[PDB]
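Heads up: the structure comes next, in structure tokens.
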Protein chains: 2
Amino acid sequence: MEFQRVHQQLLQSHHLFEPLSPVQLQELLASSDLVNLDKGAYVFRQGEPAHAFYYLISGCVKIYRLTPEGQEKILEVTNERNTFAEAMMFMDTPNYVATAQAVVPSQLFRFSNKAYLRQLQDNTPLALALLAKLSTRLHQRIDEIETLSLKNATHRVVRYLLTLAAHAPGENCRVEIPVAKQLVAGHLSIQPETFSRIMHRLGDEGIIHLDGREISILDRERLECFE
Amino acid sequence: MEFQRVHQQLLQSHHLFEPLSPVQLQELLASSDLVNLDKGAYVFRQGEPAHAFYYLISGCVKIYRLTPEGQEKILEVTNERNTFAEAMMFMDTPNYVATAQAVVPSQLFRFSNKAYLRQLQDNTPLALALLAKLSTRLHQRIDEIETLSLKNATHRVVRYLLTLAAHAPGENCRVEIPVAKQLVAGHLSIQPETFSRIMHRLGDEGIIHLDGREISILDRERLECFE
């Protein structure tokens with residue numbers, strides 16, 4: 001009658017709970033407690049002894065720090081289905097170094113650090129399994145970033161060309177930019193190497209020709225797709 | 001005894017060699033051999049017994065699989081200053097599960113799996129330390145995805161507004177063609193929950209109306225600039 005039965009599925013997808021066996025998963029949930037917070041509610045203050053890490057189910061919780069001057073400086077924002085402040089465990093930190101707070105009515109789980117760290121201690125095969133899935137998941141995240149960051153790169157590139165190509169539609173050949181390839185990549189606040197991979201890709205397909213800074217557009221109808 | 005001077009300092013920056021003690025690293029470097037490959041060179045095949053993980057310093061190495069025996073399906077792409085196939089070390093598996101080939105001339109480090117496991121056994125603090133630097137890196141990568149994925153979505157929202165209302169004989173405040181909350185969601189292939197949020201943020205700056213029903217653009221010049 002106590003929760004359970006449906007919650008185990010929410011954690012079974014997370015990286016920190018995958019390596020754990022059904023027996024160890026229930027052993028950690030036994031010490032856990034459901035926490036409900038409202039708008040402007042603090043999770044843990046900067047100075048309180050570290051004894052538990054949290055797992056957000058739904059909502060938005062900010063961490064940030066209490067920087068000097070009297071202003072809050074945001075470090076990272078944790079969203080749904082993601083754990084935060086879990087690194088404070090195996091770091092052996094006695095107290096919290098951040099003041100967590102929820103902007104919107106959020107619901108979180110409170111897992112004890114003493115009931116999690118001790119389970120990892122001894123019987124290393126577990127820590128070995130934890131490092132296994134924790135790494136394979138860290139490589140898929142970088143792979144996604146490599147693709148997502150590339151999409152934003154392919155975006156600005158074409159966008160910066162269309163804004164100056166909007167001068168006499170049909171046959172676009174008037175391209176300014178007193179810059180020399182690489183140099184313009186540093187101004188657009190984007191990776192220098194990516195610009196030499198996107199422009200060259202358009203040349204291979206047969207859309208945009210390159211003749212040293214001199215950019216000529218063959219068809220504007222075939223550029224509206226990727227922009 | 002020494003193979004390189006700068007190459008040894010590059011490992012210190014990585015998360016899998018930082019927590020390791022200099023004394024333990026010296027014994028680990030003695031078993032490792034420097035590897036130099038060119039274009040179209042294979043690191044490890046999909047069948048041979050696994051006994052070493054690799055660390056890439058410069059270049060790019062693809063993996064893909066060949067077990068279904070049909071097409072070269074890519075699994076993960078690794079770049080410079082990143083380790084690949086290190087998860088095979090933890091998961092006591094006798095042989096590799098995937099292939100490996102470098103598309104561009106790359107230099108690699110061949111660290112033995114047995115030499116690293118011996119440093120993990122018995123010792124509990126070392127294992128937890130590795131997880132500490134590994135978890136903190138995950139937070140830094142995930143936070144970047146929450147921004148990049150949002151940027152890729154926002155730019156698309158500002159793109160469909162330009163295509164729907166461009167150099168036409170309509171009206172700035174009166175946009176042609178009605179728009180819903182589920183219709184555009186399929187035009188840009190984005191979450192339906194994010195679409196309503198983007199329209200709200202841009203509506204606060206003075207670009208749109210801030211409502212989903214009927215689009216009434218006040219500033220068309222501010223749209224072409226976007227993020």
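Residues in the structure tokens are numbered from 1 in each chain, the chains being A, B, ... in the order shown, and ligands are numbered from 1 in the order shown.
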
Interface, chain A side, toward chain B (10 Å; only C-alpha atoms) as number ranges by chain = A: 16, 75-79, 82-92, 117, 120-125, 127-153, 155-156, 159-160, 162-163, 166, 224, 227

Could you please take those selected residues and save C-alpha atoms as a PDB file, in the first residue's frame?
ATOM      1  CA  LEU A  16      22.749   5.443 -11.239  1.00  0.00           C
ATOM      2  CA  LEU A  75      25.713  27.182 -12.185  1.00  0.00           C
ATOM      3  CA  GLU A  76      23.455  24.529 -13.708  1.00  0.00           C
ATOM      4  CA  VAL A  77      19.723  23.824 -13.917  1.00  0.00           C
ATOM      5  CA  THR A  78      18.477  20.284 -13.298  1.00  0.00           C
ATOM      6  CA  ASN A  79      15.336  19.172 -15.133  1.00  0.00           C
ATOM      7  CA  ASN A  82      17.687  13.736 -13.550  1.00  0.00           C
ATOM      8  CA  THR A  83      19.658  13.496 -10.306  1.00  0.00           C
ATOM      9  CA  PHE A  84      21.582  16.427  -8.831  1.00  0.00           C
ATOM     10  CA  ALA A  85      24.113  16.780  -6.014  1.00  0.00           C
ATOM     11  CA  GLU A  86      24.940  13.072  -6.234  1.00  0.00           C
ATOM     12  CA  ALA A  87      28.625  13.866  -6.733  1.00  0.00           C
ATOM     13  CA  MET A  88      28.759  15.166  -3.159  1.00  0.00           C
ATOM     14  CA  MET A  89      28.617  11.539  -2.014  1.00  0.00           C
ATOM     15  CA  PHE A  90      31.795   9.851  -3.253  1.00  0.00           C
ATOM     16  CA  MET A  91      33.514  13.226  -2.946  1.00  0.00           C
ATOM     17  CA  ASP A  92      33.350  12.894   0.837  1.00  0.00           C
ATOM     18  CA  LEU A 117      27.736   4.857  -0.494  1.00  0.00           C
ATOM     19  CA  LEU A 120      29.047   0.634  -3.208  1.00  0.00           C
ATOM     20  CA  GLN A 121      31.704  -0.121  -0.594  1.00  0.00           C
ATOM     21  CA  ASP A 122      32.977  -3.705  -0.659  1.00  0.00           C
ATOM     22  CA  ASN A 123      31.853  -6.114  -3.371  1.00  0.00           C
ATOM     23  CA  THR A 124      33.489  -3.813  -5.919  1.00  0.00           C
ATOM     24  CA  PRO A 125      31.871  -5.715  -8.802  1.00  0.00           C
ATOM     25  CA  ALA A 127      31.376  -0.087  -8.487  1.00  0.00           C
ATOM     26  CA  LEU A 128      32.747  -1.883 -11.541  1.00  0.00           C
ATOM     27  CA  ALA A 129      29.233  -2.114 -12.972  1.00  0.00           C
ATOM     28  CA  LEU A 130      28.501   1.481 -11.975  1.00  0.00           C
ATOM     29  CA  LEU A 131      31.527   2.729 -13.910  1.00  0.00           C
ATOM     30  CA  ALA A 132      30.479   0.507 -16.811  1.00  0.00           C
ATOM     31  CA  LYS A 133      27.056   2.015 -17.513  1.00  0.00           C
ATOM     32  CA  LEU A 134      28.143   5.456 -16.310  1.00  0.00           C
ATOM     33  CA  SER A 135      30.763   5.614 -19.062  1.00  0.00           C
ATOM     34  CA  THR A 136      28.752   4.128 -21.931  1.00  0.00           C
ATOM     35  CA  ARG A 137      26.069   6.710 -21.149  1.00  0.00           C
ATOM     36  CA  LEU A 138      28.604   9.542 -21.056  1.00  0.00           C
ATOM     37  CA  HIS A 139      29.739   8.671 -24.579  1.00  0.00           C
ATOM     38  CA  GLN A 140      26.212   8.723 -25.996  1.00  0.00           C
ATOM     39  CA  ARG A 141      25.716  12.162 -24.458  1.00  0.00           C
ATOM     40  CA  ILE A 142      28.815  13.504 -26.201  1.00  0.00           C
ATOM     41  CA  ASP A 143      27.660  11.888 -29.441  1.00  0.00           C
ATOM     42  CA  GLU A 144      24.321  13.678 -29.138  1.00  0.00           C
ATOM     43  CA  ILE A 145      26.094  16.966 -28.429  1.00  0.00           C
ATOM     44  CA  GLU A 146      28.268  16.455 -31.506  1.00  0.00           C
ATOM     45  CA  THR A 147      25.104  16.181 -33.599  1.00  0.00           C
ATOM     46  CA  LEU A 148      23.034  18.850 -31.847  1.00  0.00           C
ATOM     47  CA  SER A 149      25.880  21.371 -31.758  1.00  0.00           C
ATOM     48  CA  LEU A 150      26.361  20.661 -35.462  1.00  0.00           C
ATOM     49  CA  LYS A 151      22.719  21.490 -36.167  1.00  0.00           C
ATOM     50  CA  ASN A 152      23.087  24.904 -34.532  1.00  0.00           C
ATOM     51  CA  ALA A 153      26.240  25.394 -36.596  1.00  0.00           C
ATOM     52  CA  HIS A 155      21.792  26.902 -38.818  1.00  0.00           C
ATOM     53  CA  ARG A 156      23.678  30.148 -38.184  1.00  0.00           C
ATOM     54  CA  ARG A 159      21.080  32.188 -41.690  1.00  0.00           C
ATOM     55  CA  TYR A 160      23.973  34.649 -41.907  1.00  0.00           C
ATOM     56  CA  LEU A 162      20.351  34.521 -46.234  1.00  0.00           C
ATOM     57  CA  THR A 163      20.238  37.869 -44.426  1.00  0.00           C
ATOM     58  CA  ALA A 166      18.072  38.959 -49.515  1.00  0.00           C
ATOM     59  CA  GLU A 224      15.409  26.942 -47.558  1.00  0.00           C
ATOM     60  CA  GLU A 227      18.784  26.856 -42.624  1.00  0.00           C
TER      61      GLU A 227
END

Neighbours of residue 205 of chain B within 12 Å (only C-alpha atoms; same-chain residues fewer than 6 positions away dropped), as a compact mmCIF listing (two decimals) with N, CA, C and O atoms, in the first residue's frame?
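Once everything was written out, this is around33.txt:
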# COMPACT_ATOMS: atom_id res chain seq x y z
N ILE B 198 8.27 28.68 -26.18
CA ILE B 198 9.03 29.55 -27.07
C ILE B 198 8.20 30.76 -27.48
O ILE B 198 8.71 31.88 -27.52
N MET B 199 6.93 30.53 -27.79
CA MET B 199 6.03 31.60 -28.19
C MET B 199 5.82 32.59 -27.05
O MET B 199 5.48 33.75 -27.27
N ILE B 217 2.57 39.65 -35.19
CA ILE B 217 3.93 40.14 -35.06
C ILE B 217 3.98 41.67 -35.04
O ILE B 217 3.40 42.33 -35.89
N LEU B 218 4.68 42.22 -34.05
CA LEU B 218 4.82 43.66 -33.92
C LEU B 218 6.12 44.13 -34.56
O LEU B 218 6.16 45.19 -35.20
N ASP B 219 7.18 43.35 -34.40
CA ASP B 219 8.48 43.68 -34.97
C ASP B 219 8.99 42.56 -35.87
O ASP B 219 9.31 41.47 -35.40
N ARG B 222 13.11 42.43 -35.83
CA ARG B 222 13.69 41.77 -34.67
C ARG B 222 13.67 40.25 -34.84
O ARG B 222 14.36 39.53 -34.12
N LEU B 223 12.88 39.78 -35.80
CA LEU B 223 12.77 38.35 -36.07
C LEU B 223 13.95 37.84 -36.90
O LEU B 223 14.45 36.74 -36.67
N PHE B 226 17.14 37.37 -34.41
CA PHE B 226 17.09 36.23 -33.49
C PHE B 226 18.44 36.00 -32.82
O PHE B 226 19.27 36.91 -32.75

DSSP-assigned strand (DSSP E) members of segment 91-195 of chain B, reported as number ranges by chain = B: 101-102, 107-112

Only N, CA, C and O atoms, please: the residues just picked out, written as a PDB file, in the first residue's frame.
ATOM      1  N   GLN B 101      37.988   1.443 -36.459  1.00  0.00           N
ATOM      2  CA  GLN B 101      38.782   1.915 -37.587  1.00  0.00           C
ATOM      3  C   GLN B 101      38.897   3.434 -37.583  1.00  0.00           C
ATOM      4  O   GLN B 101      37.927   4.140 -37.303  1.00  0.00           O
ATOM      5  N   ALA B 102      40.089   3.933 -37.895  1.00  0.00           N
ATOM      6  CA  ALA B 102      40.333   5.370 -37.931  1.00  0.00           C
ATOM      7  C   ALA B 102      40.201   5.917 -39.349  1.00  0.00           C
ATOM      8  O   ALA B 102      40.877   5.453 -40.268  1.00  0.00           O
ATOM      9  N   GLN B 107      46.865   9.123 -33.504  1.00  0.00           N
ATOM     10  CA  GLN B 107      47.784   8.523 -32.546  1.00  0.00           C
ATOM     11  C   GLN B 107      47.000   8.031 -31.334  1.00  0.00           C
ATOM     12  O   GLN B 107      46.109   8.724 -30.843  1.00  0.00           O
ATOM     13  N   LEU B 108      47.329   6.837 -30.853  1.00  0.00           N
ATOM     14  CA  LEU B 108      46.578   6.239 -29.753  1.00  0.00           C
ATOM     15  C   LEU B 108      47.468   5.661 -28.656  1.00  0.00           C
ATOM     16  O   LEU B 108      48.647   5.381 -28.875  1.00  0.00           O
ATOM     17  N   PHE B 109      46.885   5.491 -27.474  1.00  0.00           N
ATOM     18  CA  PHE B 109      47.559   4.845 -26.354  1.00  0.00           C
ATOM     19  C   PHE B 109      46.932   3.483 -26.082  1.00  0.00           C
ATOM     20  O   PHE B 109      45.710   3.358 -26.008  1.00  0.00           O
ATOM     21  N   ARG B 110      47.773   2.465 -25.931  1.00  0.00           N
ATOM     22  CA  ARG B 110      47.292   1.110 -25.687  1.00  0.00           C
ATOM     23  C   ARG B 110      47.497   0.691 -24.235  1.00  0.00           C
ATOM     24  O   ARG B 110      48.494   0.053 -23.900  1.00  0.00           O
ATOM     25  N   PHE B 111      46.550   1.056 -23.378  1.00  0.00           N
ATOM     26  CA  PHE B 111      46.606   0.678 -21.970  1.00  0.00           C
ATOM     27  C   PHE B 111      45.947  -0.678 -21.741  1.00  0.00           C
ATOM     28  O   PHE B 111      44.834  -0.924 -22.204  1.00  0.00           O
ATOM     29  N   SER B 112      46.642  -1.553 -21.022  1.00  0.00           N
ATOM     30  CA  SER B 112      46.133  -2.891 -20.743  1.00  0.00           C
ATOM     31  C   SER B 112      44.983  -2.851 -19.743  1.00  0.00           C
ATOM     32  O   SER B 112      45.011  -2.084 -18.781  1.00  0.00           O
TER      33      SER B 112
END

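Matched residue by residue and fitted by least squares, the Cα atoms of chain B sit at an RMSD of 2.0 Å from chain A.
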
Using only C-alpha atoms, which residues sit within 10 Å of residue 66 of chain B once same-chain residues fewer than 4 positions away are excluded, as an NGL selection string?
-> :B and (45-46 or 70-74 or 97-99)

What gap, in Å, lies between atom CA of residue 220 of chain B and atom CA of residue 157 of chain B?
->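 Spanning atom CA of residue 220 of chain B to atom CA of residue 157 of chain B is a straight-line distance of 13.9 Å.
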
Pick from A:116, A:54, A:96, A:42 nearest to residue 30 of chain A, counting only C-alpha atoms =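 The closest residue to residue 30 of chain A is A:116.
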
Coordinates-based distance that separates atom CA of residue 12 of chain A from atom CA of residue 113 of chain A (Å, one decimal) |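 A separation of 18.8 Å between them.
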
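Interatomic distance, atom CA of residue 80 of chain A to atom CA of residue 115 of chain A: 23.2 Å.
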
With distances taken over only C-alpha atoms, which of A:106, A:36, A:26, A:21 is nearest to residue 8 of chain A?
-> A:26

Residues of segment 15-193 of chain A in helix (DSSP H, G or I) according to DSSP, as a PyMOL selection string?
-> chain A and resi 22-29+68-70+114-120+125-165+182-187+192-193
